[PDB]
Structure formats: structure tokens, C-alpha cells
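So the sequence lines, in the order shown, correspond to chains E and F.
For the first sequence, the deposited numbering gives the first residue as 1, with consecutive numbering after it.
For the second sequence, the deposited numbering gives the first residue as 2, with consecutive numbering after it.
A virtual CB, placed ideally from N, CA and C, is assigned to each residue, including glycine.
A short worksheet on the structure shown next.
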Amino acid sequence: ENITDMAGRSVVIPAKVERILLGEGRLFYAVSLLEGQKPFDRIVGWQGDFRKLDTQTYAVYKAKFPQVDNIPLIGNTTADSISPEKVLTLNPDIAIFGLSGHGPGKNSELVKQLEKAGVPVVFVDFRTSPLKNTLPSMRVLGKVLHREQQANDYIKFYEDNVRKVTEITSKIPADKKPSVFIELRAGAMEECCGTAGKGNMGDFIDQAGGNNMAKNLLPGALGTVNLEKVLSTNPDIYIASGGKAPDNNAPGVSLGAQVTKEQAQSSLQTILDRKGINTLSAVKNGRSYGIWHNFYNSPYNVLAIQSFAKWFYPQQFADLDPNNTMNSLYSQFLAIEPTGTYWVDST
Amino acid sequence: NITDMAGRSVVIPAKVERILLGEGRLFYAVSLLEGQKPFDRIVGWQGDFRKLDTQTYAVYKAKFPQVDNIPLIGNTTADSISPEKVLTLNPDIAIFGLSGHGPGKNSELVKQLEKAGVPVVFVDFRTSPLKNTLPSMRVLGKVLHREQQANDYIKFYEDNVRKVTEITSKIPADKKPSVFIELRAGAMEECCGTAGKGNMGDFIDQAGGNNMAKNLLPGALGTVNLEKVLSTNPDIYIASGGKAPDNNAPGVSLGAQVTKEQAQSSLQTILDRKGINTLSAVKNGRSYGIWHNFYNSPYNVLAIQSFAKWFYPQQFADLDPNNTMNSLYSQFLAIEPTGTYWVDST
Ligand SMILES: N=C(N)NCCC[C@H](NC(=O)c1cccc(O)c1O)C(=O)N[C@@H](CO)C(=O)O
Ligand SMILES: N=C(N)NCCC[C@H](NC(=O)c1cccc(O)c1O)C(=O)N[C@@H](CO)C(=O)O
Ligand SMILES: N=C(N)NCCC[C@H](NC(=O)c1cccc(O)c1O)C(=O)N[C@@H](CO)C(=O)O
Ligand SMILES: N=C(N)NCCC[C@H](NC(=O)c1cccc(O)c1O)C(=O)N[C@@H](CO)C(=O)O
Ligand SMILES: [Fe+3]
Ligand SMILES: [Fe+3]
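This is the structure in C-alpha cells:
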């Protein structure tokens, strides 16, 4: 029994899996949809990005599962910090990697080492090409992790909840669509402004019937557009992504499992009060929003596609509630209770 | 015909030569129109300019001794104006303020003058400076036949204010400093006089400040208690005064005959008062003095600039209100600028 991963490579499905290696820690999100009430039972080790770049969601899982602290960290937050030696001594029976991100890619040496060691490697993608790859990735993870039921259940849930948006936005003509700029990790990078091109959160803008102003400024899924180019284009809608912890007075939007609506809106406002940004038509008109950054690499990204549609056409999606979708998602699939703020509107 | 600041229609006289000033310090608006002949057309005025602006008065007297012979229609209050002395001056126009030390739109004297066939014009630099200062000058221009001087002054004013507002109009509320202005600080019976939504409050608004008394008061002027100031503990403290140097009464010395030393020394007395002296703004040195009469004068662009430099020192490093003042005097007035109209604490 073989399968085609997101890198086009054929992978032989292991008879039994009990030692999953996560190339990128936040790939846990895809795994969590399959493992039910035993989320960490089969994880031998992971990249440190989930523990260090998702401190809020981490803490919530730790309070219910303290054994999460004992899962080995194969590195910090970059592919280059992964020791291939520590990886191999964990004797994984499968390794899950992302086409892009803070972990090894299809051409890394570690991938070749693992192939020499007889360890199946699966490439998924929620980051470069979410629209093409999210559902195929879950289908594949289902097959190789022996959780076809959970995967098929989640695909049905996802397709249905996305179809609620696309049934409407797929028929909207281009000239009625709002222009949109998404500023990733707004306020929190050295150089403004990170954003998404034809890929990443750009796919969400496309699906939600928006017009991404960076679509044709950038060759890749991620890139950089200068502040003045944003000011010049003066888009209808401004969106900032962040995942900053509540009690961090550094610049950035606070969003995540431990963030209250008050902190999300107070910190979004700081972001919108920055020189230049604050003269945007979208900011002055109040079409300014915050979205949780890690949706940029998670099959929970249907929550962001829905939040986008409701910001792009408020009345046409008055009846749609992403909080109900998150709650249906958590209750049906996860082992923790939903808390915090994953998106916010300016007041 | 023109519409004054009270919404009333006034038939502009064909020729004006006998101007009555309901409030003496309305002279300031007139001075911008009369060039080198400032007092030529004034038949009489309220005594507030002569008695509450002794410094600016003395400077004009030294160059124009005939100013002493302009009749005083009263002292410093509307109720002290003899309507009889007013009418025997046979004015051909009367200029009054919506508020202040002179008659308002509903006074008996205004009705008497209407019965006597005398045009009355209401201006305002005091209640709503932001709304009213420029419209007031436009109107005075038309009724006094000095449209050129008025239009020249409006252009000067707008340009010098726009230097501030083009910056501060884009600043968000959460980056603005909190400000308290204490009018005639030290000099009132009960502390502390200040401005609400109006008067010098308009200047704080324009200069991108946050007036702590904006929502404490219903009117343009009022009073807030010392303890309320201490409790709000604002970023920036400003005291207004116009006291003459050789006046042993309490208050801040500012005006045409005041040196920076006298201004600095007398501001310090004001800042050394119990309670005031523990303010964060005073301890941090964000404490300032502004000349009181800017509370009712179209020269108020000088204060708006002084506030802006105090509210954002670097963003207005290059802006100099002394140069604005010098340009104003040379272009419009008949005397030489002297003295200290603003001061920073040592
Ligand atoms: N801390 C580092 N020096 N690198 C992190 C590695 C991944 C890098 N990340 C981004 O470009 C990025 C942009 C916006 C928001 C984010 O959260 C990001 O992580 C990256 O993506 N590299 C690309 C190309 O280098 C890749 O691996 O495909
Ligand atoms: N590829 C790069 N060189 N920079 C882009 C990303 C690297 C780094 N990312 C994060 O810190 C991060 C945090 C939370 C979630 C994520 O997905 C992240 O990538 C980053 O942004 N560094 C800043 C330095 O402050 C920068 O590049 O300006
Ligand atoms: N000497 C008096 N009794 N009254 C003065 C007349 C005007 C009175 N003035 C003030 O309240 C005032 C406050 C702070 C600083 C100043 O320079 C002031 O003149 C006043 O404003 N009256 C109001 C209410 O009647 C008005 O004229 O509408
Ligand atoms: N409304 C009042 N009763 N008093 C406040 C204003 C009256 C008087 N004003 C002045 O002395 C004055 C001086 C220079 C410039 C001005 O505009 C002035 O108004 C005043 O302040 N009286 C004090 C006691 O002296 C007071 O009434 O608190
Ligand atoms: Fe990242
Ligand atoms: Fe007064």
C-alpha cells in the first residue's frame, strides 16, 4: 500500500505507526485531528516551533497532558538547527515534513539520511499552497497514520464549512471584490511588511472572494512589500496577523488560546496606530482586522477563510459564525476546550 | 450684507469712521486691519484693554499718546457700561463678542443700538476660537472695509496653523499627551480656572494634545478643583497669565514689557504652590507659561504653535513662534514686538 505525498513522492504506508517525527512542531495541528483524546501518544519528537512559537496552545495542552514537556525537541525554530543525529536515535517509524517552513524541506540532507535508514517520509503542506494541499494532506496523513475515519470526518467538516463561503464568493465578479492587504506578524518583524502572494493566506483571500493586492507583487507564497507600496495601493481592507502573548508589551497583535477580546483589540489598535498604517483608508473606515498567525500553517485554516469572508462581505455572511465552527471542530476532534481569541475587529 | 458670529444679518455701512469696541481687547482683531493708523477709527472701547492689558497699552501709548483720549465706555464688566455714554459717541458700528467682559447678543445695549440705527457685529475668539477666529476676521474685513488686510491675515494664519495641524491631525489619541491649562493661574480666588470644549481648549485640540478638562466641563470656561488635577496627574501643565512685572499681585508675568527672567521667576512661584509642585508634569519639567490674552485674540496662532512645540518638542524643533510673531508684527502692526509671551520652566 503506497501513497503520493505533497512533494509528488511515493510513500509505502507503514503497517503500524507508533513513533511519529514532526519536522515542524506546528504540524501537530494536522495530527491532533486524527489522534482524538490521545494527542501525544504517538509523537517521538518534534521541531521546537510548536513549543516556542505557540506558547499559548502549548500551555493549554500541558495543563491537561504534562507529558508533552517530555517529547524531545529535535531543534529550535529553523531547519538548520536540527541535529540529524538526535533525530535518528529516536528511531522514528514515520517522519512528517512540510514543503515549506521552519523545518526541513524535500531536498534536505536529513530527508536523505532518513531514506537511507529505511524510515518513510511524508510531505504535507498547509503553508505554500493551502488551497491545493490542505485536504490532500489530511487524506494522506489519514492513510499513513491509520486514521482514515478521523481524516475523512475532518475533510467532510472542512469542505462543508468552506462551501458555506465558496457557494457565494465563487459567483462574485472581480470588479465587485474588495482589495485586501494582509500584514503577517504585523509590527513584530524588523522590516515592514511581510505578506502573502499567490499562496499562504493569499489562498484564503482568494477563496473568501477578496482581491489580494500582493498577488502579483510577489513570486512566492511569502514575501515583502514596502509600506509606501501599501499606502499607494490604499486597499479596501487591512488585515494584520499575530500570535503575541497577552503580557508582552513589545509590538505585535495578541491573539491565541490565552488572549481575551480586550487584549486582542487593544493590541490591534497599537498596530493600526503606527505611522503610515494609520492613514490607510481601510484603517480610517474601520475595515481593519486581526487574524491569528499560525493559521498560515494549519488545517484549521477554514476558520480564517470564514473570518475573511465575513470581513469581505459582512451582510452576506451575517449568519456565518467562525466561533461555532471552532467549537464544532474542537468538540468533534480535539481533546482540549476552546479558549481565547483567534480573530478580532477594530472598534 | 453679512452674517455675524451670532447668526445675525448685518447691513455693512458704506463708510465707517466711528467704531465702538464692546470689549477693548477686540482691538487686537482691529489692529490687524488698520495698519499704521490703529486708533484712527475708534470712537470708544470697554476698559479691559487699557486696564487688563496695561503692557500692550503702554507700548501703543509711547508711539500714539492719543490712545489715552479714546473714551472708556466702562471698566471690565458688561454691567459697568453706561449705555448713555455709548450712544453720545454716535458710533457707526459696534463690535461685540459672543462672550467676555463686554455685552452679549441679548444685552439691552445691543437692543438700544438697534433702535438707534447702529449696526452691531458679533465676533468670537473666546468661546469657539477654532470655529470662529477666521470667520470673525473675514466678517470684520467686510464691515470695516479692510477686506485686503483681513484676507492677508487669514492666509498668514492658515499657513502658520497648517504647519501644526498637518502633523497633529493624523496623530492617534493614544499617542497624545494629557494636558491641563490653568487660566490666570495663582490669580483667582478659587483654584483652578481652565478651559473645556472651547477657549484655549481648542488650542490644545489643534496642537494634538488631550485636554483633561474637555469632559469635566459643559462650557468653554469653568473650574476644576486642585485635587481633581492632582488625581488626573496630566503629562503637561500649562499656566496662563498676563501680569505686569511690577505688580505684587499673584500670577504669571507675561507680555510686551516682561523679560524671560521675570517670566521664568514668576512661573516658578506658580509651580511652587502646594499640590501643584508635586505634579508629575512639574517635576519632569513639562511645565509652561502662556500669555492669558491669547484666550481672546486672533493672534492665538502663536499659542497653538507654542503648545505644539511643548506637546511634541522634536516634531516641531524647527518651528519658531518668535518668528511667527515677528512676521505678524512687521506685516500687520504699527509697533515693535517686545517682551515674553511664553516661557519654559528652568
Ligand atoms: N527564523 C528564521 N530565520 N527563519 C524561519 C524559517 C522559515 C522562513 N519564514 C518566513 O519567510 C515567514 C514569513 C512570514 C511569517 C512567518 O511566520 C514566516 O515563518 C521561510 O518561510 N522560508 C521559506 C523560504 O526561505 C521556506 O522554507 O520555504
Ligand atoms: N525568513 C526570515 N528571515 N524572516 C521571517 C521569519 C523569521 C522570524 N519568525 C518568527 O519569529 C515567528 C514567530 C511566530 C510565528 C512564526 O511563524 C514566526 O516565523 C521573524 O519574523 N524574525 C524577525 C526578527 O524580529 C524578522 O525577520 O524581521
Ligand atoms: N470680573 C467679573 N466678575 N467677570 C468677568 C467677565 C467675564 C467672565 N469671565 C470669566 O469667567 C473668565 C474665566 C477665566 C479667565 C478669564 O479671563 C475670564 O474672563 C465670563 O466669562 N462670563 C461668561 C458667563 O457670563 C460670559 O460672558 O458668557
Ligand atoms: N467670572 C468671575 N467672577 N471671575 C473670573 C473673571 C473675572 C476676574 N478677571 C481678571 O481679573 C482678568 C484679568 C486679566 C485678564 C482677564 O481676562 C481677566 O478676566 C477674576 O479673575 N476674578 C478672580 C478674583 O480676582 C475670580 O473671580 O476668581
Ligand atoms: Fe513563521
Ligand atoms: Fe477674562
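Are the segment 62 to 77 of chain E and the segment 28 to 48 of chain E touching by the rule of at least three beta carbon pairs closer than 8 Å? With the cut-off at 8 Å, the segment 62 to 77 of chain E and the segment 28 to 48 of chain E touch.
Which residue wins for smallest C-alpha separation from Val12 of chain E, given the options E:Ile336, E:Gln56, E:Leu141, E:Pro314? The option with the nearest alpha carbon to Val12 of chain E is E:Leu141.
Can you tell me the Cα-Cα spacing of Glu159 of chain F and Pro120 of chain F, whole angstroms? So the two alpha carbons sit approximately 29 Å from each other.
Could you list the residues in the segment 159 to 181 of chain F with a C-beta less than 8 Å from some C-beta on chain E, going in chain order? Taking 8 Å as the Cβ-Cβ cut-off, the segment 159 to 181 of chain F approaches chain E at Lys171, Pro173, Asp175, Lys176, given in chain order.
Under 5 Å, CB to nearest heavy atom of ligand 4: contacting residues: The set, ordered by position in the chain, is F:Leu53, F:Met189, F:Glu190.
Does the distance from the CB of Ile305 of chain E to the CB of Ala186 of chain E come in under 9 Å? In this structure, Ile305 of chain E sits away from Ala186 of chain E, with a CB-CB distance that is not shorter than 9 Å.
Considering only the beta carbon of each residue, do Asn133 of chain F and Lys177 of chain F sit closer than 9 Å? Against a cut-off of 9 Å, the Cβ pair of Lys177 of chain F and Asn133 of chain F comes out as no contact.
Distance cutoff 9 Å, beta carbons only. Does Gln269 of chain E sit that close to anything in chain F? Closer than 9 Å: yes.
Starting from the Cα of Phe28 of chain E, find the closest Cα among E:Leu334, E:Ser129, E:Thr339, E:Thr341 and give me that residue. Nearest Cα to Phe28 of chain E within the set E:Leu334, E:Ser129, E:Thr339, E:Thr341: E:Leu334.
Using a Cβ-Cβ distance under 9 Å, would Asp321 of chain E count as near chain F? So no, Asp321 of chain E is outside the interface.
C-alpha gap between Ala221 of chain E and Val17 of chain E, whole angstroms: So the two alpha carbons sit approximately 32 Å from each other.
Count the other C-beta atoms from every protein chain shown that fall within 10 angstroms of the C-beta of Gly103 of chain F, then say buried if there are 16 or more, exposed otherwise. By the beta-carbon neighbour count (other beta carbons within 10 angstroms, threshold 16), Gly103 of chain F is buried.
Find the residues of chain F that neighbour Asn278 of chain E, judging by a C-beta separation of less than 8 Å, and give them in chain order. Correct list: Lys171, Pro173.
DSSP state of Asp5 of chain F, grouped into three classes? Assigned with DSSP and collapsed to three states, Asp5 of chain F falls in coil, not helix or strand.
Tell me which same chain residues have a C-beta within less than 8 Å of the C-beta of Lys116 of chain E, skipping the five on either side of it? Excluding positions up to five away in sequence, the list is empty.
Since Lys244 of chain E sits in a beta bridge, which residues does DSSP pair it with? E:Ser254.
Given a cut-off of 9 Å on the beta-carbon distance, is the pair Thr77 of chain E and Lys52 of chain E in contact? Yes, Cβ-Cβ distance for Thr77 of chain E and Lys52 of chain E is below 9 Å.
Element boundaries [beta strand (DSSP E), containing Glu183 of chain F]: Counting along the chain, the beta strand (DSSP E) containing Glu183 of chain F begins and ends at 179 to 183.
So who's on the other strand from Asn211 of chain E, going by DSSP bridges? DSSP lists E:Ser179 as partners of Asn211 of chain E.
Does the beta carbon of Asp345 of chain E come closer than 9 Å to any beta carbon on chain F? Look at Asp345 of chain E: its C-beta is not under 9 Å from any C-beta on chain F.
Starting from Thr78 of chain F and walking both ways along the alpha helix (DSSP H), at which residues does that stretch end? Counting along the chain, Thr78 of chain F falls outside any alpha helix (DSSP H), and DSSP gives it neither H nor E.
Meets three-Cβ-pair contact criterion under 8 Å: the segment 229 to 249 of chain F and the segment 53 to 61 of chain F: Contact between the segment 229 to 249 of chain F and the segment 53 to 61 of chain F is present, because at least three Cβ pairs lie under 8 Å.
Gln315 of chain E burial status per 10 Å Cβ neighbour count (16 or more: buried): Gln315 of chain E counts as exposed, since fewer than 16 other C-beta atoms from the protein chains shown sit within 10 angstroms of its C-beta.
Under 8 Å between beta-carbons, which chain F residues line up against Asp273 of chain E? List them in chain order, please. Contacts between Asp273 of chain E and chain F, judged by CB atoms closer than 8 Å, involve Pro173, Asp175, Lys176 in chain order.
In whole angstroms, what separates the C-alpha of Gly8 of chain E from that of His146 of chain E? Answer to the nearest angstrom: the Cα atoms are 20 Å apart.
Where does the unbroken alpha helix (DSSP H) through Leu231 of chain F begin, and where does it stop? Its alpha helix (DSSP H) spans residues 227 to 233.
Classify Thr279 of chain E: buried if its beta carbon has 16 or more other beta carbons within 10 angstroms, exposed otherwise. An exposed status is given to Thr279 of chain E, since fewer than 16 other beta-carbon atoms sit within 10 Å of its beta-carbon.
Which residue comes first and which comes last in the alpha helix (DSSP H) that contains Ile271 of chain F? Residue range 261 to 272 is occupied by the alpha helix (DSSP H) that includes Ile271 of chain F.
Let me know the secondary structure DSSP gives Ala196 of chain F once reduced to three states. If DSSP states are grouped into helix, strand and coil, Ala196 of chain F belongs with the strands.
DSSP beta-bridge partners of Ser137 of chain E: Per DSSP, none; premise fails for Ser137 of chain E.
Pop quiz: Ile239 of chain E and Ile168 of chain E are said to be a contact at Cβ under 8 Å. What is the actual Cβ separation, rounded to whole angstroms? 19 Å between Cβ atoms; not a contact.
Straight-line Cα distance separating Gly48 of chain E from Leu73 of chain E: One Cα belongs to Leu73 of chain E, the other to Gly48 of chain E, and the distance between them is close to 5 Å.
Do the segment 260 to 277 of chain F and the segment 324 to 332 of chain F touch if we need at least three Cβ pairs shorter than 8 Å? At 8 Å Cβ cutoff, the stretches do not touch.
Kindly indicate which residue of E:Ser10, E:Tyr313, E:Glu1, E:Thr339 has the alpha-carbon position closest to the one of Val165 of chain E. For the residues E:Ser10, E:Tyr313, E:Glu1, E:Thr339, the minimum Cα distance to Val165 of chain E belongs to E:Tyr313.
Are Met201 of chain E and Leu184 of chain E touching if we call contact CB-CB under 9 Å? Yes, the pair counts as a contact, with Cβ atoms nearer than the cut-off.
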